[PDB]
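Chemist: Take these chains first, placed just as they are in the complex:
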Amino acid sequence: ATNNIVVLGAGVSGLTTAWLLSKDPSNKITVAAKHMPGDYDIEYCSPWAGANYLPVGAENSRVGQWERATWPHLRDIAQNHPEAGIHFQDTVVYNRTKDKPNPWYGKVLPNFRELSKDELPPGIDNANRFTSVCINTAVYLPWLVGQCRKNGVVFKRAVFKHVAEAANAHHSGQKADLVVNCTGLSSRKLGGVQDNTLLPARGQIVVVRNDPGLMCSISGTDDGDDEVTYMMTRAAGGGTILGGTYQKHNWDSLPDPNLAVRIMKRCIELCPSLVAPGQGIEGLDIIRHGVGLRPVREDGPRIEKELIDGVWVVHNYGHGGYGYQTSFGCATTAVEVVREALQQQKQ
């Protein structure tokens, strides 16, 4: 007794859901996707990410629980599988006086300490230090492809205009029993879905060779509500990602030079160890610039079943700026919605 599943999409959400589904021997799985790991394109968010684990959800929220559920998997991969491109990094988070002390992730993440009042920079209300992970997305996304392959997942280049078409793309040559929709921001335009609550949150990055040795971030800036500051160093020499930008309803794919300059200035002033004692922006050794669009949904991630044109579909999209840090938690819930959808299909 087998189930033909097409996972539509090959970003974090598609790859993590396909991998977890593949652990069930009754699932025969095709990952069908327009863009694959190795691709850089504005329609494909996953490779643009930093990425790190830095919870943004409230303790009792859906997102918060998803973040909480994801950590043990990411820690497991970081501890046991150096081939996956995940490493542990010391992390500092600064919260400005113009604004949260002792967050829930303090009980979860290793080496959590709250910094003393005399250790705080001017303008900072509270700060904390802890161990978390930075994901080298360029190594990790193909690692997930690889893990899916070991469990017999077949990958296939495809483009669909409507979600129900994905059910005709299963490698068996037979109709899929279920389609899992991990199209992210493309679910805004995809037929049978057309989710109007989706919006891009544009994110510009500068990729640099300089290794500061820790992840840094501040709660806000004085450059505007949509210009943020963070940095993280990717595992396995992948480079340092300097950010950033959070521009809702902005679709612009091309790095803006002014914005790039301001990210770099904000970064070298937040964590000066990026550069030598005397230096400004010129001591950064830039690899490239980049821009992705965060698939922000009004109510956050949509993980639910829907019978669409006589095809059972389990959605798993709308992960905004937290798709990696919710990935395993979200994929797990999706695995259960798939089970539930097939259980209704069986009877």
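Modeler: Looks like it arrived, so ask away. Residues are numbered from 1 along each chain as shown, chains lettered A, B, ... in the order given.
Chemist: Surely residue A:263 and residue A:244 touch.
Modeler: Yes - if you go by CB atoms under 8 Å, residue A:263 and residue A:244 touch, sitting 6.2 Å apart. No exception for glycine: its C-beta is placed from N, CA and C like everyone else's.
Chemist: More neighbours: which of these two?
Modeler: residue A:263 (28 against 23; other CB atoms under 10 Å).
Chemist: Looks to me like that one is in a helix.
Modeler: Yes - counting by DSSP: H, G, I helix; E, B strand; the rest coil, residue A:263 falls inside a helix.
Chemist: State the distance from it to residue A:154.
Modeler: 40 Å (CB to CB, to the nearest Å).
Chemist: Kindly report the same for residue A:81.
Modeler: Distance from residue A:81 to residue A:154, by CB to CB: 23 Å.
Chemist: likewise residue A:272?
Modeler: With distances taken as CB to CB, residue A:272 is found 49 Å from residue A:154.
Chemist: Not counting its neighbours along the chain, what's nearest residue A:156?
Modeler: Distances taken as CB to CB, 6 or more residues apart in numbering put residue A:32 closest to residue A:156, at 5.1 Å, once the chain neighbours are dropped.
Chemist: The helix or strand harbouring residue A:14 - contacts with which helices or strands?
Modeler: Per DSSP states H and E: residue A:14 is located in helix A:12-22. Packing partners of helix A:12-22 (3 or more CB pairs under 8 Å, 6 or more residues apart in numbering; DSSP states H and E): strand A:3-8, strand A:27-33, helix A:137-150, strand A:178-181, helix A:327-346.
Chemist: Go through those and pick out the most buried.
Modeler: strand A:178-181 (a mean of 29; mean count of other CB atoms under 10 Å).
Chemist: here's chain B, add it to the model above:
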Amino acid sequence: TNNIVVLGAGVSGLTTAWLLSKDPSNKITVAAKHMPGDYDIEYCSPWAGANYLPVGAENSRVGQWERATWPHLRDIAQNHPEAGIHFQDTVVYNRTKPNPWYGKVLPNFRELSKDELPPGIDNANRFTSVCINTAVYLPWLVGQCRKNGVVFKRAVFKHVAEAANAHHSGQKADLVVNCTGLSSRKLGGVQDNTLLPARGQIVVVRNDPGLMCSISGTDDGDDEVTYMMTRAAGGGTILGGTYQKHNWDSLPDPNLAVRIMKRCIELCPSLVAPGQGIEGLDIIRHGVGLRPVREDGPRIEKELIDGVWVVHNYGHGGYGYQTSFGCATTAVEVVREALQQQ
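Modeler: Same chains as before, plus chain B:
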């Protein structure tokens, strides 16, 4: 214990670092300007198809390196699907403008009879070779190095000797292996005047034709070729191509792209649905790399430069993946030789 900096993180660098990492007396840093995940004109490896299609003559250095590399690639395609290499049926058509040595090497080798060969075609070979999804394989190689304790660092060097100061131990490296490819033309203390780019333009499509096919030449020009190959694990199909010596142009030419796409659908029509032309190709993107061609082929040899022992492994032209393990095995041999003198 030997503090080795591998300068470079393309196929040559990664494959050599991996073979070196098998020796526990080696402490290995990979230091490089560009890493897997990067697309840049200075970084050839991501631009490759890539496949195994020998170009060296039987008893040439290149030929023996190609011969030595096959069992490594076969084993990876057989036993490690996570690496992004799979077996593919291959066709090689030879025009007018037979029994090649790889016929005794590659599985399922047959030569085509004249009743099967189209007009203007002299002879053809059919066989099983491999296609490498380089987007998966390059990071896989990073991962295998990582699993063996290899440390990866982002670095830029003006001079080859500087790499000896980038070792992750903090101590001065005993040896630097120069795996900088085409950058060894300008690299301090190497400055190799016999290196030239052979520009290669590609078209990346979603269409899976089920096989690799290539021809010995085209009517579109001396420097224009036809090949296609489908990458493993849904990596896409690579349509080629171009071999343009002393051409450094990083940008895809729209005219060359259309010609690539025209020649490919004519060579192997199963790329497209019956009666479709170029519009039938679902195009992912275009691409351009520069092959690091060297006149005397790959340079693998030891040299004392500014106190630092240097073993070069560069100048692999269009055949860096298909000589990777073979060249890296020679590099290891020369590394042990240079360390014994030390």
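Chemist: Excluding its own residues, what touches the helix holding residue A:14? List them.
Modeler: For helix A:12-22, contacts defined as CB atoms under 8 Å, 6 or more residues apart in numbering or on different chains pick out A:5, A:7-8, A:27, A:29, A:31, A:33, A:37, A:46, A:49, A:141, A:144-145, A:147-148, A:151-153, A:180, A:182, A:184, A:316-317, A:319, A:323-324, A:327-328, A:330-332, A:334-335, A:338.
Chemist: how does it look with 7 Å?
Modeler: The contact list for helix A:12-22 (CB atoms under 7 Å, 6 or more residues apart in numbering or on different chains) reads A:5, A:7, A:27, A:29, A:31, A:33, A:46, A:141, A:144-145, A:147-148, A:151-153, A:180, A:182, A:184, A:316-317, A:319, A:323-324, A:327-328, A:330-332, A:334-335, A:338.
Chemist: Go ahead and measure how far it is from the middle of the chain.
Modeler: Its chain's C-alpha centre and that of helix A:12-22 lie 13 Å apart, by CA atoms, centre = their mean, to the nearest Å.
Chemist: repeat for stretch A:159-171
Modeler: Distance, centroid of stretch A:159-171 to centroid of chain: 24 Å (CA atoms, centre = their mean).
Chemist: Tell me how far stretch A:161-181 lies from the chain's centre.
Modeler: 25 Å.
Chemist: give the contact list for residue A:43.
Modeler: By CB under 7 Å, 6+ apart, the contact set of residue A:43 is A:34-35, A:186.
Chemist: pretty sure it is in a helix, no?
Modeler: No - counting by three-state DSSP, residue A:43 is not part of a helix but coil.
Chemist: residue of the stretch 201-347 of chain A with the smallest distance to chain B?
Modeler: Nearest residue of the stretch 201-347 of chain A to chain B, counting by CB to the nearest CB: residue A:237, 2.8 Å away.
Chemist: mind adding chain C? sequence follows:
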Amino acid sequence: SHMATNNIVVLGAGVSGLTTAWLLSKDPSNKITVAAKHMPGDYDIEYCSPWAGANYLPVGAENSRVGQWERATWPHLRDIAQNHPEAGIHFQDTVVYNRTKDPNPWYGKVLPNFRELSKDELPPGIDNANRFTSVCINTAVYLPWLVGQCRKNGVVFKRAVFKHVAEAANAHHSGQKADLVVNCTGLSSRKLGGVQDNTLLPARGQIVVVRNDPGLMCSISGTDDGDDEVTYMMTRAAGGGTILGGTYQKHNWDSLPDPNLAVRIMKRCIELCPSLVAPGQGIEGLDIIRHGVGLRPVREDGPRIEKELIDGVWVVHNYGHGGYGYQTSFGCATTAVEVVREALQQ
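Modeler: Time to bring in chain C:
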């Protein structure tokens, strides 16, 4: 009773901004600064004008505002084509096909050498076809030519970026606060402070620029390749190259040319007017220069030309020209001049 002066800032340097600047400059009473983020010679998705074909081929209903602006614009364009070859406009023979899937249009009484194509001559699946002489603008010559025409009349051009329309009033070259600002920011009026026009939307248009000169302009009213895909061609004056189109994708901001869209544009164009290539050739006979994508500044109510007081500054809008900014330019610029003269009456 001193020399009467009006300090005007024209905000924007695309066709709307430039044509309106030029018309205002012919009044010696006006002292004019053109302040703009992008200028002729720049390529950017925020700047629609250099992406245009561009031709004259009316889309407005006879008695509609757009239609009347189109009619008013032809004389100016024809005169420039007639008398000023330096401007990069030339006349070209033009054919339009109206398919059976979708007859004596008003421009038949305006444009020279017009004819209805016969019952015998209409190709399969076409209800009506018309041939006529119109104009093709080499935008890469014409936009800088308009800059030059403004400069002759002492218009000062200044690079500037504003978050709010009122800030343009502080950008006048005289050092004094502007009396009026002309808002010609096209699609950027969606986001610009004090304007925030939610009725603006992009209509993405992708082109292929080629070397091949068919010696005529030709379009069709629709295609088999979807509602958002169209077919046209025009050859720019003065060796400017041939523009192959196209695409009309509402609510699509994508700045990058899609290679599949490019191939289909070229396939359709090869079909519609075969003398692009030497017969026996397909797409490979085209000598491609480059690909290009622009976003047409579509407004639901068409072009906004009205006076508004935003903060202390009188503002005259002239934006929302969609895919017809060149063929309405002089018509629209004339109305704005009159609205400016209206607001200055105080």
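Chemist: Please reconsider what packs on helix A:12-22 now that chain C is part of the model.
Modeler: strand A:3-8, strand A:27-33, helix A:137-150, helix A:327-346 (3 or more CB pairs under 7 Å, 6 or more residues apart in numbering or on different chains; DSSP states H and E).
Chemist: Kindly report the residues of chain A close to chain C.
Modeler: A:251-254 (CB under 7 Å from any CB of the partner chain).
Chemist: which one of those residues sits closest to chain C?
Modeler: The nearest member of the residues of chain A next to chain C to chain C, counting by CB to the nearest CB, is residue A:251 at 3.6 Å.
Chemist: who's in contact with the nearest residue to that closest one once chain neighbours are set aside?
Modeler: Distances taken as CB to CB, 6 or more residues apart in numbering or on different chains put residue C:253 closest to residue A:251, at 3.6 Å, once the chain neighbours are dropped. Contacts for residue C:253 (CB under 7 Å, 6+ apart) come out as A:251, C:202, C:295.
Chemist: Hmm, the last one is touching residue C:187, no?
Modeler: Yes - between residue C:295 and residue C:187 a contact is recorded at 5.9 Å, counting by CB atoms under 7 Å.
Chemist: which residues do the two both contact?
Modeler: C:48, C:202.
Chemist: Of these two, give the one with the bigger neighbour count.
Modeler: Legend: neighbour count by other CB atoms under 10 Å in any protein chain shown for residue C:295 and residue C:187, higher for residue C:187 (28 against 23).
Chemist: where's that one relative to chain A, distance?
Modeler: 12 Å (CB to the nearest CB, to the nearest Å).
Chemist: residues in contact with that residue?
Modeler: Taking CB under 7 Å, 6+ apart as the contact definition, residue C:187 lies against C:48, C:200, C:202, C:295, C:297.
Chemist: again, only this time at 8 Å
Modeler: Neighbours of residue C:187 in contact, by CB under 8 Å, 6+ apart: C:46, C:48, C:200, C:202, C:295, C:297, C:319.
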